[PDB]
Amino acid sequence: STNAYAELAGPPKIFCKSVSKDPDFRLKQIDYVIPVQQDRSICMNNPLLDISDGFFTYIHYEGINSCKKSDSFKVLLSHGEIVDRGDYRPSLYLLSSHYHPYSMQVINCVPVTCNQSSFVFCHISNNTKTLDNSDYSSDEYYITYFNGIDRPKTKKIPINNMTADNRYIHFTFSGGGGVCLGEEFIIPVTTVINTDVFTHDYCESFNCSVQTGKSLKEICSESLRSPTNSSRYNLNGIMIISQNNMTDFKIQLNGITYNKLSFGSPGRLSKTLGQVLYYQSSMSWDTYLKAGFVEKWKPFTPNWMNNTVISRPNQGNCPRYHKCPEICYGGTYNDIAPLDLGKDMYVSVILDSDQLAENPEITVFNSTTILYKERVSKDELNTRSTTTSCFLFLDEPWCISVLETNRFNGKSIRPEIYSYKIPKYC
Ligand SMILES: *[C@@H]1O[C@H](CO)[C@@H](O[C@@H]2O[C@H](CO)[C@@H](O)[C@H](O)[C@H]2NC(C)=O)[C@H](O)[C@H]1NC(C)=O
Ligand SMILES: *[C@@H]1O[C@H](CO)[C@@H](O[C@@H]2O[C@H](CO)[C@@H](O)[C@H](O)[C@H]2NC(C)=O)[C@H](O)[C@H]1NC(C)=O
Ligand SMILES: *[C@@H]1O[C@H](CO)[C@@H](O[C@@H]2O[C@H](CO)[C@@H](O)[C@H](O)[C@H]2NC(C)=O)[C@H](O)[C@H]1NC(C)=O
Ligand SMILES: *[C@@H]1O[C@H](CO)[C@@H](O[C@@H]2O[C@H](CO)[C@@H](O)[C@H](O)[C@H]2NC(C)=O)[C@H](O)[C@H]1NC(C)=O
Ligand SMILES: *[C@H]1O[C@H](CO)[C@@H](O[C@@H]2O[C@H](CO)[C@@H](O)[C@H](O)[C@H]2NC(C)=O)[C@H](O)[C@H]1NC(C)=O
Ligand SMILES: *[C@H]1O[C@H](CO)[C@@H](O)[C@H](O)[C@H]1NC(C)=O
Ligand SMILES: *[C@H]1O[C@H](CO)[C@@H](O)[C@H](O)[C@H]1NC(C)=O
Ligand SMILES: *[C@H]1O[C@H](CO)[C@@H](O)[C@H](O)[C@H]1NC(C)=O
């Protein structure tokens, strides 16, 4: 929470808002934060990073000969700060680090950094298939928090007293980060319901090649079904937790607006430019960027951006750039951060590729066109998830991104942190 760090907010600063060719991001890797493992069987996957008010929470999953979070035998929780080391750029300083008490039984986690302390919201279960075979009464939900001087403490969330805005059999914390607004945490969630209660207008308004044997209404209704258990529907939502000195809890679970639904996936809430931005990874037929600022909390309603440029790679009938309704599952999580509201521009580390997860490119865009880009590595680089957060450092916009990278295929896999500066000139 240094004098150098300030949330990116207030009046716009001076930097490049336009097309630019070969710009200077001042791109540098950060190597001392993420732990190192000599055992090449261990796979450090699904990095998560949330940054608020000068402090960061970092989370990553470690598992043996598997890159899946439920297979992780250790899940890592780090707390740190953003500081001026005097090299004219922001540096990450790592205060404390711990392992989740329940790591072996951890299904999924989401970080949120609040009041200069780390919070980690976890869905932990003895069933790895729990979001198919089971319900949320049989699993457990925890909050692990620490500030780096302290001892980490984890408390069970009273899910039994939760209020819901619909009848859900299951839910998981899924995404790259959450926010704290006042006394309440809000976490990206995905819900499971066994009957089809959803209305797809947006999907149904699409006139294009549609396979014979099924109606638009039909494939749209069916596109929200869990590809593992077809009798279940996965719908994104938020969980709001009121908390008093971490004692009296008020939990309520609401579903996302029905306006432009997409199959339930990981996504995130973030405070930026004095607003709250929701991102949702696009795992279904609509392959373009799905995100928006939150105009209305009940029902949870982000004003969805209409974006014709930013997309993601996937194998199957929904590769990059493909917007026609279809029943398909896949794609990668690349979340975004806003720079200027008036010029409507955002930064994201996106994969430049159609079917394959690789070639991370730092991209700066408006909703219509891509203003400018730079490949992170000059050599071909294998990469899956990317998270990005931005801020003001010495009164200039700077970003920190974590890339989920597999460098030497099947060798020791660790995510890589990078930092860069938004160009002052075009
Ligand atoms: C697919 O999802 C359905 C929906 O919950 C599961 O069906 C339930 O299974 C539990 C498990 O014992 C029963 O208690 C319920 O009575 C079932 N409900 C219905 C409506 O059938 C089913 O188990 C899932 N299948 C797989 C293979 O995961
Ligand atoms: C996951 O399964 C484990 C093992 O059965 C459960 O841990 C035990 O829970 C019982 C309560 O029924 C306690 O009496 C034992 O002391 C626990 N064992 C240990 C080693 O702590 C656990 O409750 C289950 N949790 C979830 C979320 O399913
Ligand atoms: C983070 O800090 C803010 C203020 O610094 C806390 O906000 C207050 O929380 C108490 C509960 O202990 C409420 O009674 C007040 O109404 C809140 N004030 C405002 C202005 O919202 C907030 O609870 C803190 N969050 C955490 C997780 O510690
Ligand atoms: C993306 O386009 C939609 C329309 O295709 C915009 O939706 C409108 O939003 C305004 C402000 O919320 C409403 O007054 C209109 O009624 C909406 N029209 C609809 C829903 O058909 C939407 O605002 C656009 N995205 C952004 C970020 O402005
Ligand atoms: C987003 O920013 C881009 C910046 O390139 C805008 O594209 C330009 O729009 C101006 C109009 O002010 C034209 O003179 C340029 O020729 C456009 N450039 C290109 C490469 O097409 C775009 O209009 C902006 N869109 C929104 C919604 O703000
Ligand atoms: C949940 O627990 C709290 C105390 O922690 C209690 O006051 C409340 O009544 C419980 N909810 C239900 C539905 O019993
Ligand atoms: C649907 O496609 C036709 C082209 O066959 C086009 O003329 C029409 O404007 C489109 N309508 C919508 C709502 O997309
Ligand atoms: C909760 O906050 C109060 C101040 O409002 C403080 O006195 C108390 O020590 C805190 N709780 C614990 C368990 O320390």
# chains A, B, ... in the order shown; residues from 1 in each chain; ligands from 1
$ residues_near_ligand --ligand "ligand 6" --cutoff "10 Å" --atoms "only C-alpha atoms and all ligand atoms" --output "PyMOL selection string"
chain A and resi 157-163+247-250
$ residues_around --residues "range 214-229 of chain A" --least-positions-apart "4" --cutoff "12 Å" --atoms "only C-alpha atoms" --output "number ranges by chain"
A: 129-134, 190-210, 233-236, 258, 260-265, 283-286, 324-330
$ residues_near_ligand --ligand "ligand 3" --cutoff "8 Å" --atoms "only C-alpha atoms and all ligand atoms" --output "NGL selection string"
:A and (114-115 or 180-185 or 243-246)
$ residues_near_ligand --ligand "ligand 2" --cutoff "7 Å" --atoms "only C-alpha atoms and all ligand atoms" --output "number ranges by chain"
A: 124-126, 138-140
$ closest_residue --among "A:413, A:109, A:237, A:150" --to "ligand 8" --atoms "only C-alpha atoms and all ligand atoms"
A:150
$ closest_atom_pairs --of "chain A" --to "ligand 4" --cutoff "12 Å" --atoms "only C-alpha atoms and all ligand atoms" --output "tab-separated table"
residue	atom	partner	partner_atom_place_in_ligand_line	distance
A:201	CA	ligand 4	21 (O)	10.8
A:202	CA	ligand 4	5 (O)	9.6
A:205	CA	ligand 4	5 (O)	11.5
A:257	CA	ligand 4	20 (C)	11.8
A:258	CA	ligand 4	20 (C)	11.5
A:259	CA	ligand 4	20 (C)	8.0
A:260	CA	ligand 4	20 (C)	9.4
A:277	CA	ligand 4	27 (C)	11.1
A:278	CA	ligand 4	27 (C)	11.9
A:289	CA	ligand 4	27 (C)	11.9
A:290	CA	ligand 4	27 (C)	10.7
A:291	CA	ligand 4	27 (C)	9.0
A:292	CA	ligand 4	27 (C)	6.5
A:293	CA	ligand 4	27 (C)	7.8
A:294	CA	ligand 4	12 (O)	10.3
A:295	CA	ligand 4	12 (O)	7.8
A:296	CA	ligand 4	12 (O)	10.0
A:301	CA	ligand 4	12 (O)	9.9
A:302	CA	ligand 4	27 (C)	9.0
A:303	CA	ligand 4	27 (C)	5.6
A:304	CA	ligand 4	25 (N)	5.4
A:305	CA	ligand 4	27 (C)	4.2
A:306	CA	ligand 4	1 (C)	4.5
A:307	CA	ligand 4	1 (C)	8.3
A:308	CA	ligand 4	1 (C)	10.9
A:341	CA	ligand 4	27 (C)	10.4
A:342	CA	ligand 4	27 (C)	11.5
A:343	CA	ligand 4	27 (C)	11.9
A:344	CA	ligand 4	27 (C)	8.8
A:345	CA	ligand 4	27 (C)	11.4
A:366	CA	ligand 4	27 (C)	10.9
A:367	CA	ligand 4	27 (C)	8.6
A:368	CA	ligand 4	1 (C)	11.4
$ write_last_selection --atoms "C-alpha atoms" --output "mmCIF file, in the first residue's frame"
data_model
loop_
_atom_site.group_PDB
_atom_site.id
_atom_site.type_symbol
_atom_site.label_atom_id
_atom_site.label_comp_id
_atom_site.auth_asym_id
_atom_site.auth_seq_id
_atom_site.Cartn_x
_atom_site.Cartn_y
_atom_site.Cartn_z
ATOM 1 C CA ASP A 201 -33.380 -15.054 -26.097
ATOM 2 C CA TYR A 202 -29.931 -13.990 -27.220
ATOM 3 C CA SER A 205 -31.980 -14.682 -32.104
ATOM 4 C CA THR A 257 -28.792 -12.335 -15.228
ATOM 5 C CA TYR A 258 -30.588 -14.454 -17.815
ATOM 6 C CA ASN A 259 -29.744 -11.850 -20.415
ATOM 7 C CA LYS A 260 -27.198 -13.529 -22.703
ATOM 8 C CA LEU A 277 -16.283 -5.607 -13.736
ATOM 9 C CA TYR A 278 -17.466 -9.167 -14.291
ATOM 10 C CA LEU A 289 -15.229 -11.922 -24.924
ATOM 11 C CA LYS A 290 -18.002 -12.063 -22.364
ATOM 12 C CA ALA A 291 -17.646 -9.376 -19.703
ATOM 13 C CA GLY A 292 -19.287 -6.175 -18.477
ATOM 14 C CA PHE A 293 -19.520 -3.700 -15.597
ATOM 15 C CA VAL A 294 -22.152 -4.475 -12.959
ATOM 16 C CA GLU A 295 -25.203 -2.172 -13.279
ATOM 17 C CA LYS A 296 -27.560 -4.211 -11.047
ATOM 18 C CA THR A 301 -26.581 -8.083 -14.079
ATOM 19 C CA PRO A 302 -23.358 -7.050 -15.824
ATOM 20 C CA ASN A 303 -23.883 -4.824 -18.858
ATOM 21 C CA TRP A 304 -22.436 -7.158 -21.416
ATOM 22 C CA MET A 305 -19.849 -5.741 -23.761
ATOM 23 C CA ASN A 306 -20.490 -6.217 -27.418
ATOM 24 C CA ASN A 307 -17.046 -7.267 -28.555
ATOM 25 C CA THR A 308 -16.148 -8.283 -32.086
ATOM 26 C CA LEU A 341 -13.596 4.193 -19.453
ATOM 27 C CA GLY A 342 -14.158 7.056 -21.868
ATOM 28 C CA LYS A 343 -12.091 5.477 -24.602
ATOM 29 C CA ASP A 344 -13.476 2.062 -23.629
ATOM 30 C CA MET A 345 -10.199 0.131 -23.584
ATOM 31 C CA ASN A 366 -11.541 -1.133 -27.597
ATOM 32 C CA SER A 367 -14.735 -3.094 -28.221
ATOM 33 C CA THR A 368 -14.414 -2.792 -32.049
#
$ select_by_dssp --residues "range 152-184 of chain A" --states "strand (DSSP E or B)" --output "NGL selection string"
:A and (153-156 or 163-164 or 170-173 or 175-177 or 179-181 or 184)
$ residues_around --residues "residue 63 in chain A" --least-positions-apart "2" --cutoff "9 Å" --atoms "only C-alpha atoms" --output "ChimeraX atom specification"
/A:41-45,61,65-75
$ select_by_dssp --residues "range 195-412 of chain A" --states "helix (DSSP H, G or I)" --output "tab-separated table (two decimals) with N, CA and C atoms, in the first residue's frame"
chain	number	residue	atom	x	y	z
A	201	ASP	N	-32.92	-15.92	-25.02
A	201	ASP	CA	-33.38	-15.05	-26.10
A	201	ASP	C	-32.26	-14.78	-27.06
A	202	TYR	N	-31.13	-14.37	-26.48
A	202	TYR	CA	-29.93	-13.99	-27.22
A	202	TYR	C	-29.54	-15.13	-28.12
A	203	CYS	N	-29.42	-16.31	-27.53
A	203	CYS	CA	-29.04	-17.45	-28.33
A	203	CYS	C	-30.03	-17.72	-29.45
A	204	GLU	N	-31.32	-17.63	-29.13
A	204	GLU	CA	-32.40	-17.90	-30.08
A	204	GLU	C	-32.52	-16.87	-31.22
A	216	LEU	N	-33.36	-24.40	-32.74
A	216	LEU	CA	-32.54	-23.43	-32.05
A	216	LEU	C	-32.87	-23.43	-30.56
A	217	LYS	N	-34.17	-23.39	-30.24
A	217	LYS	CA	-34.62	-23.40	-28.85
A	217	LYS	C	-34.03	-24.61	-28.13
A	218	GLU	N	-34.00	-25.74	-28.84
A	218	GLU	CA	-33.49	-27.00	-28.31
A	218	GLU	C	-31.98	-26.95	-28.08
A	219	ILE	N	-31.19	-26.61	-29.09
A	219	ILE	CA	-29.74	-26.66	-28.84
A	219	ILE	C	-29.31	-25.58	-27.84
A	220	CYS	N	-29.98	-24.43	-27.83
A	220	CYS	CA	-29.70	-23.43	-26.82
A	220	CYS	C	-30.05	-23.91	-25.42
A	221	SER	N	-31.19	-24.59	-25.28
A	221	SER	CA	-31.52	-25.09	-23.96
A	221	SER	C	-30.53	-26.13	-23.54
A	222	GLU	N	-30.06	-26.91	-24.51
A	222	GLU	CA	-29.21	-28.03	-24.20
A	222	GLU	C	-27.76	-27.63	-24.02
$ decode --residues "range 318-333 of chain A" --atoms "N, CA, C and O atoms" --output "short mmCIF file (atom, residue, chain, number, x, y, z; two decimals), in the first residue's frame"
data_model
loop_
_atom_site.label_atom_id
_atom_site.label_comp_id
_atom_site.auth_asym_id
_atom_site.auth_seq_id
_atom_site.Cartn_x
_atom_site.Cartn_y
_atom_site.Cartn_z
N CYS A 318 -16.31 -25.19 -31.85
CA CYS A 318 -16.24 -23.81 -31.44
C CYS A 318 -14.80 -23.35 -31.27
O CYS A 318 -14.31 -23.24 -30.15
N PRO A 319 -14.11 -23.11 -32.40
CA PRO A 319 -12.78 -22.54 -32.30
C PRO A 319 -12.90 -21.05 -32.16
O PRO A 319 -14.01 -20.53 -32.04
N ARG A 320 -11.77 -20.37 -32.22
CA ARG A 320 -11.71 -18.92 -32.06
C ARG A 320 -12.58 -18.22 -33.08
O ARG A 320 -12.83 -18.74 -34.17
N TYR A 321 -13.15 -17.10 -32.68
CA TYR A 321 -13.90 -16.25 -33.57
C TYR A 321 -15.28 -16.81 -33.97
O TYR A 321 -16.04 -16.12 -34.66
N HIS A 322 -15.64 -18.01 -33.52
CA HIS A 322 -16.90 -18.62 -33.92
C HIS A 322 -18.08 -18.23 -33.02
O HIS A 322 -18.09 -18.55 -31.85
N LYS A 323 -19.02 -17.47 -33.55
CA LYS A 323 -20.19 -17.00 -32.80
C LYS A 323 -21.55 -17.72 -33.05
O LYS A 323 -22.59 -17.25 -32.59
N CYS A 324 -21.60 -18.79 -33.83
CA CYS A 324 -22.92 -19.41 -34.13
C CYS A 324 -23.30 -20.51 -33.13
O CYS A 324 -22.51 -21.43 -32.90
N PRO A 325 -24.54 -20.47 -32.57
CA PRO A 325 -25.01 -21.43 -31.54
C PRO A 325 -24.73 -22.86 -31.91
O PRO A 325 -24.80 -23.23 -33.07
N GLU A 326 -24.40 -23.66 -30.91
CA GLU A 326 -23.88 -24.99 -31.13
C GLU A 326 -23.71 -25.61 -29.75
O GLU A 326 -23.57 -24.87 -28.78
N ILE A 327 -23.70 -26.94 -29.65
CA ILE A 327 -23.45 -27.56 -28.35
C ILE A 327 -22.01 -28.06 -28.35
O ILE A 327 -21.65 -29.10 -28.94
N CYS A 328 -21.20 -27.32 -27.62
CA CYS A 328 -19.78 -27.52 -27.58
C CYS A 328 -19.31 -27.05 -26.23
O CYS A 328 -20.00 -26.29 -25.54
N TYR A 329 -18.20 -27.62 -25.79
CA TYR A 329 -17.63 -27.27 -24.52
C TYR A 329 -16.13 -27.11 -24.68
O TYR A 329 -15.44 -27.98 -25.23
N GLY A 330 -15.62 -25.97 -24.25
CA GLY A 330 -14.19 -25.79 -24.28
C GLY A 330 -13.80 -24.34 -24.36
O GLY A 330 -14.65 -23.47 -24.52
N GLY A 331 -12.49 -24.11 -24.29
CA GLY A 331 -11.93 -22.77 -24.31
C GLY A 331 -11.14 -22.47 -23.06
O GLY A 331 -11.18 -23.23 -22.09
N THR A 332 -10.44 -21.34 -23.08
CA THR A 332 -9.49 -20.98 -22.03
C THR A 332 -9.91 -19.73 -21.29
O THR A 332 -10.59 -18.88 -21.84
N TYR A 333 -9.45 -19.60 -20.05
CA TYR A 333 -9.79 -18.44 -19.22
C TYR A 333 -8.74 -17.35 -19.42
O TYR A 333 -7.59 -17.50 -18.98
#
